[PDB]
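These notes are about the structure you will find just below.
Every residue, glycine as well, gets a Cβ built from its backbone with ideal geometry; the counts of neighbours run over all protein chains shown. Every read-out reported here was derived from the displayed coordinates using simple, explicitly stated rules and does not represent laboratory data.
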Amino acid sequence: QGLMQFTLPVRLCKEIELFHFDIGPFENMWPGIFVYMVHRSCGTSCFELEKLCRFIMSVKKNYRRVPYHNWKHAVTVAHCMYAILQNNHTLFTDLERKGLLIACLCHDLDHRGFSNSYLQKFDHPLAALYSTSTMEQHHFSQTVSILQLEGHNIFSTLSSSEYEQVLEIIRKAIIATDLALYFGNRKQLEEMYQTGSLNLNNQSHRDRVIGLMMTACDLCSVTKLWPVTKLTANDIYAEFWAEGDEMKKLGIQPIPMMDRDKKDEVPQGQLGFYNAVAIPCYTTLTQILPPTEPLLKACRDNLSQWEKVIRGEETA
Ligand SMILES: CNC(=O)c1c(NC(=O)c2nc(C3CC3)ccc2Nc2cncnc2)cnn1CCOC
Ligand SMILES: [Mg+2]
Ligand SMILES: [Zn+2]
């Protein structure tokens, strides 16, 4: 009952509070870690533990054995959201605490390792069904499916209209992880913040901020200790290159990040990605949520590490 608290070994208990925490190589431990994060950020009364565990294991089952967009990534993204929530606890509603961890867990459901562009060029049926944010609408669709399985409705105690709000929080959160949308969203939040217009009681403003939190959480692999960030970059390029292979099989030249014949220009590509995407992302998020500072700091640190790789002072 509410007398049963989830607990972590001492190192995990302490370090899970750090933005740069790595959830480790033991898959069996990740459901325990997520439940722990839900109990401490939401509460032990937020979800029926039996439903949550059933919902978690179905979500895990619907993640694929791909190098990067996998179950480890879902929990990692949830953990980053947990860290943002714990250090900005005053700024979020009950529905947002409930819904955002779950959105992070579900945000890449049934990812096969291929971008929205590959599905468009392949003419995947999902591209007829969802003309933009294709994968992201599929991720949400899969979330809803899993909620509608017997014994899986973790939101069963909520009123009809709360359930609808929480699903709309989840839907918009998952859609926000379409990076094609992030550039617009970050520009808008940037202008809004500088002008002083930004207003966390304005729902459409809340939506934008949660969307940037999701971008930041989604990319949070660039905010880990260097060994984690460097090893995780191998996994994403494994997917990028498999997709470039598939682009080439369609007789289409892939963009450079997905061409494995450009493996030697990964440090250059990363430098490009941090300056254009990551740094601006965590910068804007740090302005809006000052206590998310360590994400930006660890991002600048890993940039300086890539610079070191370029100049031959570091290996990868
Ligand atoms: C839009 N750009 C690019 O998506 C892009 C790159 N994307 C990533 O590296 C990357 N993308 C995602 C999301 C977009 C798919 C997440 C993590 C990434 N990296 C990473 C590094 N370390 C550890 N885990 C992950 C690389 N080159 N470009 C082109 C150059 O862009 C400026
Ligand atoms: Mg995704
Ligand atoms: Zn993701």
### Task
For the pairs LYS72/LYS263; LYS98/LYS224; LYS61/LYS172; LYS51/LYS172; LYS60/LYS297, note any where the Cα-Cα span goes beyond 27 Å.
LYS60/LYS297
#### Entry: Solitary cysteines of the chain, where the nearest other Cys Cβ is not under 4.7 Å
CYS13, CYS53, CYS104, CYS106, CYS281, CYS299
#### Entry: Mean Cβ count within 10 Å, highest first, over the residues of peptides 217-223, 288-294
217-223, 288-294
### Query
Across the range 113-155, how large is the tail of the calculated P(r) beyond 12 Å, expressed as a percent of all Cα pairs?
60
### Additional length obtainable on full extension of the chain from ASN202 to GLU293, 0.36 nm per residue less Cα span
30.4 nm
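Please list the three semi-axes, largest first and in whole Å, of the ellipsoid equivalent to the range 29-311, using sqrt of 5 times the eigenvalues of its alpha carbon gyration tensor.
Its equivalent ellipsoid spans semi-axes of 29, 24, 18 Å.
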### Calculated FRET value between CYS53 and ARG311, using beta carbons and R₀ = 45 Å, to 0.05
0.40
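Only helical DSSP H runs with n ≥ 4 go in: add -39500 (n - 2.57) per run for the chain, normalise by residue count and round the 222 nm mean residue ellipticity to 500 deg cm²/dmol.
The per-residue figure over the chain is -20000 deg cm²/dmol.
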